[PDB]
Amino acid sequence: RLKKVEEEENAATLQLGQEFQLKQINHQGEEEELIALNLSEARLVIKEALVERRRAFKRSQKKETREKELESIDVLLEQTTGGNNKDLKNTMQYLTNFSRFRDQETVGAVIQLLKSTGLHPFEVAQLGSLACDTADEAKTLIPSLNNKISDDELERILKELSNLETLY
Amino acid sequence: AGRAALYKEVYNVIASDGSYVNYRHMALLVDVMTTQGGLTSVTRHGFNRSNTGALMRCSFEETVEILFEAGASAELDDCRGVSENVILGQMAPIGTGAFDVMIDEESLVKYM
Amino acid sequence: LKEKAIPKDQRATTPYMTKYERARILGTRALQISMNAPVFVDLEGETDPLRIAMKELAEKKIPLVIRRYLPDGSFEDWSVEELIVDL
Amino acid sequence: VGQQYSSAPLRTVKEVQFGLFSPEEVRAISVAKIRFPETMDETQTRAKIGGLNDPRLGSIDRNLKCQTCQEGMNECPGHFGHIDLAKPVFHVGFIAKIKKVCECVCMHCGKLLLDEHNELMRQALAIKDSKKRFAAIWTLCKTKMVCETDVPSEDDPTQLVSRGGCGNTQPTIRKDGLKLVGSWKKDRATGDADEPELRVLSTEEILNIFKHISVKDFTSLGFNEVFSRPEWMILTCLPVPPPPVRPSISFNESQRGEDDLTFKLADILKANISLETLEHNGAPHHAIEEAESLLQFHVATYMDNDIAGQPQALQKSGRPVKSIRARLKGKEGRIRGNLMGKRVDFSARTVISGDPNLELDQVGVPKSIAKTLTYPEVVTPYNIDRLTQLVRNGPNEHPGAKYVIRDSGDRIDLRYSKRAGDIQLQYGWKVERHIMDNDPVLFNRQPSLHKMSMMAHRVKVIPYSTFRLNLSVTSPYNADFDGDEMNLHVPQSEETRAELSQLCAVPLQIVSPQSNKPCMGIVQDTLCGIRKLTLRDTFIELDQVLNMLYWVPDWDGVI
Amino acid sequence: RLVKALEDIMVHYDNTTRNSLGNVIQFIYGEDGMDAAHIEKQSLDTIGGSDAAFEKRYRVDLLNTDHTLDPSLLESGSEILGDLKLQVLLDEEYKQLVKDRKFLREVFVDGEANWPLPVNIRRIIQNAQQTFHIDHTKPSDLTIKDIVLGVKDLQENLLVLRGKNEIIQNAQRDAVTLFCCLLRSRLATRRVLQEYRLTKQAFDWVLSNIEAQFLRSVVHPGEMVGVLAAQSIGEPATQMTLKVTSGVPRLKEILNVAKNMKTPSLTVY
Amino acid sequence: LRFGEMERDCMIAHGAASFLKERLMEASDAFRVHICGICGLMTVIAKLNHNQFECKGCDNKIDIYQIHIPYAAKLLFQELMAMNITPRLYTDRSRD
Amino acid sequence: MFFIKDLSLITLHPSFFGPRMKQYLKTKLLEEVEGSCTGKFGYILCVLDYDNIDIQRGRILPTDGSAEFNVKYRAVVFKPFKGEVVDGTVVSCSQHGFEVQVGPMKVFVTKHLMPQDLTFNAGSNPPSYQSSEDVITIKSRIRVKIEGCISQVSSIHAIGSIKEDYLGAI
DNA sequence: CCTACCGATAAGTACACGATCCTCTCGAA
DNA sequence: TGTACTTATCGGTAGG
RNA sequence: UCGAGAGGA
Ligand SMILES: [Mg+2]
Ligand SMILES: [Mg+2]
Ligand SMILES: [Zn+2]
Ligand SMILES: [Zn+2]
Ligand SMILES: [Zn+2]
């Protein structure tokens, strides 16, 4: 109203948009935390939503493995949604090639490990999406950490992530 | 007691020639002039100078005079009146437009 | 500020349908029928959409819900079925 | 609709807030510069200069252009520009409000004359009104002509404490046309012996005092923190209304014929250009003020040309200019003439006639009137055969159609059209058909004095050009047939026509709520003959007794 | 001026006459809350007449030989005689009827009985006697408990304001008063048998038709009332063709208010 | 024909809110205008082909709402802007 | 990186007022929302859970017969930030620099925003970027840090850099 | 017993208002 | 024709 | 089309 100040610049100092708040609201009414996803989390959510879409589209009609995931996702994208959607195919193409964990079992422990340490869901969405080797690598690429997490305690998590890491 | 005398005077003119108008109409006009504190004139400065939406008031003589006061005092027209919805060109909240109507999906299936 | 609507229990509004509601419910149902909307009552060779909307009310097959507002903003949603047509 | 689809949400205007234009926002809002006061031709070849008229705003002659958004005359909403005033000037409407704010808040510092510590000041500020609170604030600070520094002596033991800045004497201000003058006293055995000193108070002085006015002094005098700051009552940057507000009209093709405001807008630019060059070039001190009063007067008569009994301003020829106040002034002027009451389509008017064989709710509409007025019917499975048969009859055979609107917005004029004879007619299409029998329509007789006089009437298409009506319905309208005329309004929607038959019907309005008795009675021959017939003296023989019975439309058939 | 002053005024859904801003002018439209069209000029028989005729026409005395109801009117006219429990309510009936006469004389001090009120009881009983073809020879099927209780049970059903709390309930009782005063006047235990001769079948129909016509006579929320009043006063002023000021020149003073003479002749008693 | 104040007055008295509105819009003025939801003025530059709806003064291509209001009202609010008055048309409620 | 957000949107023609309405409206929702790209929310990628969609009631409009329904839904969004480090794939390879297809958005890196000790190789098709044993070609996954964001139409664009510690080719 | 102030009733000056709609014709600098 | 707004002279109140 | 003038229930 009446121009307003604008807020602040969108930065990597956890200065997210004036819309994407750390603690936001729900359609039901509850004060639910921000829902940020990594590349393994976001890949299993679109596949789940499109697997359950064809199940609902054909209900009304009544009355694992690396390269095998590439071709099965490509078929699912053509049936559930029409050719008009170009963005979704490029995203699902990019998500399956860059996912860190394929199995839904491993992802659950990854989220329990990260969403617990005391880090913003965006920092978790960035840790679970980018592969990091050194503690300093994660502290530089995700600069919101530094004081938020201990250098040796962050390395403890980074080691466990290589154990949780899936085979491609 | 003043409003009771006011009705006697208003009714006495309607009774003078052309009987009659139902109590309800004159008692409404009388109650309008007295549900204020004292007496309210039915003129440009009496009734028209009230805590009413600027658009409703400007449509009776003092038009630009009132619209300048509206801007200078930062008045807000509530859009709850008869006149301000006629100017805006919307179904005014009068008889037919005083209630909204929605469609019930629970009922839509029930009737097929 | 929060909601303001009183439930379908404890209502201080007239159980009867106001003459303005009757004319509006017919007006909008006759308009929708005229705009190819699906007719719920069994048609008896009716070429006029108002003749359809008038029968639609007699059988009580209109899926409309009236929102009767009060001066404080509060409203009570009365389904056409709940209201009695005396007039 | 304003033609063509939009990919933006459509939502009712729930409330309208009023305020003042900030000269800082008028610079950001603006798309135009308006340097040249000329309007038509390039410099000067053809089609409007980039100064006044279409620099980057409203289009002109059949050209879509409109600063690259195009759209055309019927879609282009007109864009606002700005004109920088060389010296700030007062707004005609806020003359006494500026003068009364100066009479309340002291000068030299920009702080209130009376603040909190005075008992009456607390008694006046007690109301959380807007104008009624400021009304007391004016009478309280009107007097006590000097600002204060130390004041409390009977709330704290004896010594006084300071709450204000400078204690300079505020003067008495009066009106001498467009300018205000203050009278400083002093004269206590010092300068000017006994007579007071008078100063001309310029807008540049007043504006800087209003800029120094505190955030709480706005709320105390009936002003808003973001909509109506007292600094915006004085104009530093004036907005220019686009061509839809002041059209070119177009005199034939190569001629002009501009609007009264376009000439007036250029006259403010002409008054401003003299000062713009005088302030920079040779400045003759008491010769720029002589031109500043003319710029103040030009911006003043543009908004208000029917001002106090002193100046006038007329655009030669002798006829005076119509200002924005005079344009939207009451009685046939924008609010009462173009918004509260308007001219309408699908309407008729002809001499009225009486009929003893018409039903109380019936109206005899002539064949030429029903063939001219149309109702848009949507193609459904219930009409199709009827709707195609009317299209087949065309615009001359009585039950016919004039225009057929198809899937997209394309009118098919049946009066011409190569495919008029063909036409397949798909569902969802609209067919504008000639008015037909038993159609609910509003029939009215001006003056419209009571709830009646504007009633619904079943239509009956008849020959002989004149509005036929029933005799008993002469009372609600009041008119007789001594050369009287009556209006007619055909509703275009199925909802509005159902809001006429199930609400405003002639027999539905039989009993008057004004006198709780009926407003329709048997009159004239029907009242004169009913007395002659209803008496013990008269009886009717068998021959005429059976015709008397057959004339009754709901006769049981029992003699 | 009149029409522009009363535009905003409209009967809301809670039987209250408010406006645009929401200020209350009247709590019940025209004090009774009835659609002006469904009203007729009716006569209150409890206010008019002598006390001898009032006691003769309405007082019911089962504990007397000359002041009792004859068994040709009531089916059970002899077994109802000398009953103390049935006279308790017939005393309660007449004690409310004598209260009505004293309260009505306080309202209409001038003595006039004919006043405009909803539901034409006058005709509702006229049509019952023709619809059922009731004869004056044979006695009625109803008794005293059927009349006096049925009349009081109907008074509860005649709703204007939909109540729940102490304020709305008292405002409801205040809204009917003059109408149920006419109902007590017209449906008196003696009057029902002495003049009308109502059978229990036809009486139950008359009570329902009174309830039905009363709930029809209630104002419709959305009625523009002020706009209706503004025109209803302004229209007769147009036809004012007919040494104190009157007509339109006096009508300007009553609108203007307006501290000038014309004719300020005060009346002293 | 003219449907003035006296003609509008009777249609309010009857209660026919839509017939009065239809006479006032569909059979007369009726104009669709885009307004900036942030300030409430007709500052919107609506391109109905390239879809560059942007309001210069509020840097927004999201808070913009189209509205069907009479062409004379649009014209009136523009005359009020020419006299430094701001009739800010707000579609959001804030006072109950 | 990608978020799941709770957001809402519809005017429906009366001829579609039958039993097959709830599903027809759900289609009208994805017809416009699914594929869209708002400036405040980012790219609207996929409407999650086609079932359990909250539709409430449709207030039938004043003079027309259309119903205005509010459709509350849940969908995945792609919203970038100025500082957000992203690892996409090089799609366009040219003399000026390279374009990175990070999901549905293309990000451009200039020759100046990347190291000075790299340089473009014209005599190798598809076009390449050499240094020692690190080469940027038609595929080659690269780590980019988004320095700036461009709102433009319904397709967000960016201006990232790869000149820093742990950045460059991956 | 006088003065710094404080309410009286004045008289003068200024304010933009006044059926509804409709129809015809004349002549600009 | 009437109302409302705005300024000038004017008798007394009681406090130091 | 502006304005003036004229005319009508
Ligand atoms: Mg208000
Ligand atoms: Mg006549
Ligand atoms: Zn434009
Ligand atoms: Zn000061
Ligand atoms: Zn804006």
# chains A, B, ... in the order shown; residues from 1 in each chain; ligands from 1
call {"tool": "residues_around", "arguments": {"residues": "residue H:2", "least_positions_apart": "3", "cutoff": "12 Å", "atoms": "only C-alpha atoms (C1' of nucleotides)", "output": "NGL selection string"}}
result
:I and (14-16)
call {"tool": "write_last_selection", "arguments": {"atoms": "N, CA and C atoms (P, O5', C5', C4', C3', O3' and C1' of nucleotides)", "output": "PDB file, in the first residue's frame"}}
result
ATOM      1  P    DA I  14     -17.902  37.411  41.600  1.00  0.00           P
ATOM      2  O5'  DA I  14     -16.388  37.665  42.080  1.00  0.00           O
ATOM      3  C5'  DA I  14     -15.321  36.870  41.545  1.00  0.00           C
ATOM      4  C4'  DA I  14     -13.989  37.613  41.557  1.00  0.00           C
ATOM      5  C3'  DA I  14     -13.268  37.678  42.911  1.00  0.00           C
ATOM      6  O3'  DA I  14     -11.889  37.347  42.723  1.00  0.00           O
ATOM      7  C1'  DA I  14     -13.347  39.799  41.927  1.00  0.00           C
ATOM      8  P    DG I  15     -11.360  35.845  42.885  1.00  0.00           P
ATOM      9  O5'  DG I  15      -9.776  36.058  43.012  1.00  0.00           O
ATOM     10  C5'  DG I  15      -8.993  36.375  41.854  1.00  0.00           C
ATOM     11  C4'  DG I  15      -8.123  37.606  42.078  1.00  0.00           C
ATOM     12  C3'  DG I  15      -7.204  37.573  43.312  1.00  0.00           C
ATOM     13  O3'  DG I  15      -5.839  37.632  42.891  1.00  0.00           O
ATOM     14  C1'  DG I  15      -8.246  39.691  43.030  1.00  0.00           C
ATOM     15  P    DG I  16      -4.646  37.088  43.822  1.00  0.00           P
ATOM     16  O5'  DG I  16      -3.732  38.390  44.005  1.00  0.00           O
ATOM     17  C5'  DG I  16      -3.178  39.048  42.861  1.00  0.00           C
ATOM     18  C4'  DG I  16      -2.904  40.515  43.148  1.00  0.00           C
ATOM     19  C3'  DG I  16      -1.915  40.788  44.289  1.00  0.00           C
ATOM     20  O3'  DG I  16      -0.836  41.585  43.822  1.00  0.00           O
ATOM     21  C1'  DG I  16      -3.872  42.127  44.507  1.00  0.00           C
TER      22       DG I  16
END
call {"tool": "select_by_dssp", "arguments": {"residues": "chain C", "states": "strand (DSSP E)", "output": "VMD selection string"}}
result
chain C and resid 64 to 69 75 to 79
call {"tool": "residues_around", "arguments": {"residues": "stretch 100-117 of chain A", "least_positions_apart": "5", "cutoff": "12 Å", "atoms": "only C-alpha atoms (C1' of nucleotides)", "output": "CSV table (one decimal) with N, CA, C and O atoms, in the first residue's frame"}}
result
chain,number,residue,atom,x,y,z
A,33,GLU,N,5.8,-24.6,9.6
A,33,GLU,CA,7.1,-24.2,9.2
A,33,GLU,C,7.3,-24.2,7.7
A,33,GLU,O,6.5,-24.8,7.0
A,34,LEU,N,8.3,-23.4,7.1
A,34,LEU,CA,8.5,-23.3,5.7
A,34,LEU,C,8.9,-24.7,5.1
A,34,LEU,O,9.7,-25.4,5.7
A,35,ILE,N,8.3,-25.0,3.9
A,35,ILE,CA,8.5,-26.3,3.3
A,35,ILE,C,9.5,-26.2,2.1
A,35,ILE,O,9.1,-26.0,0.9
A,36,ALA,N,10.8,-26.2,2.4
A,36,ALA,CA,11.9,-26.1,1.4
A,36,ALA,C,12.4,-27.6,1.1
A,36,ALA,O,12.5,-28.4,2.0
A,37,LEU,N,12.6,-27.9,-0.2
A,37,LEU,CA,13.0,-29.2,-0.7
A,37,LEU,C,14.4,-29.2,-1.4
A,37,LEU,O,14.7,-28.3,-2.1
A,38,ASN,N,15.1,-30.3,-1.2
A,38,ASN,CA,16.4,-30.5,-1.9
A,38,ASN,C,16.1,-31.2,-3.2
A,38,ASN,O,14.9,-31.5,-3.6
A,39,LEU,N,17.1,-31.6,-4.0
A,39,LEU,CA,16.9,-32.3,-5.3
A,39,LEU,C,16.4,-33.8,-5.2
A,39,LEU,O,15.8,-34.2,-6.1
A,40,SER,N,16.7,-34.4,-4.0
A,40,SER,CA,16.2,-35.8,-3.8
A,40,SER,C,14.7,-35.7,-3.3
A,40,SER,O,13.9,-36.5,-3.7
A,41,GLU,N,14.5,-34.7,-2.4
A,41,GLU,CA,13.2,-34.4,-1.9
A,41,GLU,C,12.2,-34.0,-2.9
A,41,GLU,O,11.1,-34.6,-3.0
A,42,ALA,N,12.6,-33.0,-3.8
A,42,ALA,CA,11.7,-32.5,-4.8
A,42,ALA,C,11.5,-33.4,-6.0
A,42,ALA,O,10.4,-33.3,-6.7
A,43,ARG,N,12.4,-34.4,-6.2
A,43,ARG,CA,12.2,-35.4,-7.3
A,43,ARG,C,11.1,-36.4,-6.9
A,43,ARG,O,10.2,-36.7,-7.7
A,44,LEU,N,11.2,-36.9,-5.7
A,44,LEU,CA,10.3,-37.9,-5.1
A,44,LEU,C,8.9,-37.3,-4.9
A,44,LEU,O,7.9,-38.1,-4.8
A,45,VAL,N,8.7,-36.0,-4.8
A,45,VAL,CA,7.4,-35.3,-4.5
A,45,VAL,C,6.7,-35.2,-5.9
A,45,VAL,O,5.4,-35.4,-5.9
A,47,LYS,N,7.2,-37.1,-8.7
A,47,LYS,CA,6.9,-38.4,-9.1
A,47,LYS,C,5.7,-39.0,-8.4
A,47,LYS,O,4.8,-39.6,-9.0
A,48,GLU,N,5.6,-38.8,-7.0
A,48,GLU,CA,4.5,-39.2,-6.2
A,48,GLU,C,3.2,-38.5,-6.6
A,48,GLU,O,2.2,-39.2,-6.7
A,64,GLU,N,14.1,-47.7,-7.6
A,64,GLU,CA,15.4,-48.3,-7.9
A,64,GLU,C,15.8,-48.2,-9.3
A,64,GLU,O,15.0,-47.9,-10.2
A,65,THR,N,17.1,-48.6,-9.6
A,65,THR,CA,17.8,-48.6,-10.9
A,65,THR,C,17.9,-47.2,-11.6
A,65,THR,O,16.9,-46.5,-11.7
A,66,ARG,N,19.2,-46.8,-11.9
A,66,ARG,CA,19.5,-45.4,-12.5
A,66,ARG,C,18.8,-45.1,-13.8
A,66,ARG,O,18.0,-44.2,-13.9
A,67,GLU,N,19.2,-45.8,-14.9
A,67,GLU,CA,18.7,-45.5,-16.3
A,67,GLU,C,17.2,-45.9,-16.4
A,67,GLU,O,16.5,-45.3,-17.2
A,68,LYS,N,16.7,-46.9,-15.6
A,68,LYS,CA,15.3,-47.3,-15.7
A,68,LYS,C,14.4,-46.3,-15.1
A,68,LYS,O,13.2,-46.3,-15.4
A,69,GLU,N,14.9,-45.3,-14.3
A,69,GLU,CA,14.1,-44.2,-13.7
A,69,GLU,C,14.0,-43.1,-14.8
A,69,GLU,O,12.9,-42.4,-14.8
A,70,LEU,N,15.0,-42.9,-15.7
A,70,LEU,CA,14.9,-41.9,-16.8
A,70,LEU,C,13.8,-42.1,-17.8
A,70,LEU,O,13.1,-41.1,-18.1
A,95,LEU,N,16.2,-33.1,-12.2
A,95,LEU,CA,16.1,-33.6,-10.8
A,95,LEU,C,16.6,-35.1,-10.7
A,95,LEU,O,17.2,-35.4,-9.7
A,122,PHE,N,15.8,-23.8,4.2
A,122,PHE,CA,16.6,-23.5,2.9
A,122,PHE,C,18.0,-24.0,3.0
A,122,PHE,O,18.5,-24.5,2.0
A,123,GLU,N,18.7,-23.8,4.2
A,123,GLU,CA,20.1,-24.3,4.4
A,123,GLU,C,20.1,-25.9,4.2
A,123,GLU,O,21.0,-26.4,3.6
A,124,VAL,N,19.0,-26.5,4.7
A,124,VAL,CA,18.8,-28.0,4.6
A,124,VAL,C,18.6,-28.4,3.1
A,124,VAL,O,19.1,-29.3,2.6
A,125,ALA,N,17.7,-27.5,2.4
A,125,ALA,CA,17.5,-27.7,1.0
A,125,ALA,C,18.7,-27.5,0.1
A,125,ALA,O,18.8,-28.1,-1.0
A,126,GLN,N,19.7,-26.7,0.6
A,126,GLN,CA,21.0,-26.5,0.0
A,126,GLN,C,22.0,-27.6,0.3
A,126,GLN,O,22.9,-27.9,-0.5
A,127,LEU,N,22.0,-28.1,1.6
A,127,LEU,CA,23.0,-29.1,2.0
A,127,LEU,C,22.6,-30.4,1.3
A,127,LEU,O,23.5,-31.0,0.6
A,128,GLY,N,21.3,-30.8,1.3
A,128,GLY,CA,20.8,-32.0,0.6
A,128,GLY,C,20.8,-32.0,-0.9
A,128,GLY,O,20.6,-33.1,-1.5
A,129,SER,N,21.0,-30.8,-1.5
A,129,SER,CA,21.1,-30.7,-3.0
A,129,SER,C,22.5,-30.7,-3.5
A,129,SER,O,22.8,-31.3,-4.6
A,130,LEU,N,23.5,-30.0,-2.8
A,130,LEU,CA,24.9,-29.9,-3.2
A,130,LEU,C,25.8,-30.9,-2.5
A,130,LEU,O,25.7,-31.0,-1.3
A,131,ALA,N,26.6,-31.6,-3.3
A,131,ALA,CA,27.6,-32.5,-2.7
A,131,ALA,C,28.8,-31.7,-2.2
A,131,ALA,O,29.4,-31.0,-3.0
A,132,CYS,N,29.2,-31.8,-0.9
A,132,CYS,CA,30.3,-31.1,-0.3
A,132,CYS,C,31.3,-32.1,0.4
A,132,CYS,O,30.8,-33.1,1.0
A,145,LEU,N,25.5,-20.5,7.3
A,145,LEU,CA,26.0,-21.4,8.4
A,145,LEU,C,27.0,-20.6,9.4
A,145,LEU,O,26.5,-19.9,10.3
A,148,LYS,N,26.0,-20.4,12.9
A,148,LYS,CA,24.9,-21.3,13.1
A,148,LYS,C,25.3,-22.8,13.4
A,148,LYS,O,24.5,-23.4,14.2
A,149,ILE,N,26.4,-23.3,12.9
A,149,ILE,CA,26.8,-24.6,13.1
A,149,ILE,C,28.3,-24.7,13.5
A,149,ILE,O,29.1,-23.9,13.0
A,150,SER,N,28.7,-25.8,14.3
A,150,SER,CA,30.1,-26.0,14.6
A,150,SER,C,30.8,-26.6,13.5
A,150,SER,O,30.3,-27.5,12.8
A,153,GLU,N,31.2,-30.4,14.2
A,153,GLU,CA,29.9,-31.0,14.2
A,153,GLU,C,29.3,-31.0,12.8
A,153,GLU,O,28.6,-32.0,12.5
A,154,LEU,N,29.6,-30.0,12.0
A,154,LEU,CA,29.1,-30.0,10.6
A,154,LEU,C,29.9,-31.1,9.8
A,154,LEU,O,29.2,-31.8,9.0
A,156,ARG,N,30.9,-34.0,11.1
A,156,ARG,CA,30.2,-35.2,11.6
A,156,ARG,C,29.0,-35.6,10.7
A,156,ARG,O,28.8,-36.7,10.4
A,157,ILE,N,28.2,-34.5,10.3
A,157,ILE,CA,27.0,-34.7,9.5
A,157,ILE,C,27.5,-35.0,8.0
A,157,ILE,O,27.0,-36.0,7.4
A,158,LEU,N,28.4,-34.2,7.5
A,158,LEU,CA,29.0,-34.4,6.1
A,158,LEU,C,29.6,-35.8,5.9
A,158,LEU,O,29.5,-36.3,4.8
A,159,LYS,N,30.2,-36.4,6.9
A,159,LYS,CA,30.7,-37.8,6.9
A,159,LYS,C,29.5,-38.7,6.7
A,159,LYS,O,29.5,-39.6,5.8
A,160,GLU,N,28.5,-38.6,7.6
A,160,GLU,CA,27.2,-39.4,7.6
A,160,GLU,C,26.5,-39.3,6.2
A,160,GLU,O,25.9,-40.3,5.8
A,161,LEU,N,26.6,-38.1,5.6
A,161,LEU,CA,25.9,-37.9,4.3
A,161,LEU,C,26.6,-38.7,3.2
A,161,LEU,O,25.9,-39.1,2.2
A,162,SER,N,27.9,-39.0,3.3
A,162,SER,CA,28.6,-39.8,2.3
A,162,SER,C,28.3,-41.3,2.5
A,162,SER,O,28.3,-42.1,1.5
A,163,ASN,N,27.9,-41.7,3.7
A,163,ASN,CA,27.4,-43.1,4.1
A,163,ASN,C,26.0,-43.2,3.6
A,163,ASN,O,25.7,-44.2,3.0
A,164,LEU,N,25.1,-42.2,3.8
A,164,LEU,CA,23.8,-42.1,3.3
A,164,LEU,C,23.7,-42.0,1.7
A,164,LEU,O,22.7,-42.4,1.2
A,165,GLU,N,24.8,-41.4,1.1
A,165,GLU,CA,24.9,-41.3,-0.4
A,165,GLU,C,24.5,-42.6,-1.1
A,165,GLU,O,25.0,-43.6,-0.8
A,166,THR,N,23.7,-42.4,-2.2
A,166,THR,CA,23.2,-43.6,-3.0
A,166,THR,C,24.1,-43.8,-4.2
A,166,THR,O,24.8,-42.9,-4.6
A,167,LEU,N,24.1,-45.1,-4.7
A,167,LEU,CA,24.9,-45.5,-5.8
A,167,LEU,C,24.2,-45.2,-7.1
A,167,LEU,O,23.0,-45.5,-7.2
A,168,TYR,N,24.9,-44.7,-8.1
A,168,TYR,CA,24.4,-44.4,-9.4
A,168,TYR,C,25.1,-45.2,-10.5
A,168,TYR,O,24.4,-45.8,-11.3
call {"tool": "select_by_dssp", "arguments": {"residues": "stretch 8-53 of chain B", "states": "alpha helix (DSSP H)", "output": "PyMOL selection string"}}
result
chain B and resi 8-16+23-34
call {"tool": "residues_around", "arguments": {"residues": "stretch 31-42 of chain G", "least_positions_apart": "5", "cutoff": "8 Å", "atoms": "only C-alpha atoms (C1' of nucleotides)", "output": "number ranges by chain"}}
result
A: 17, 19, 85-88; F: 62; G: 47, 77-80, 151, 154-156
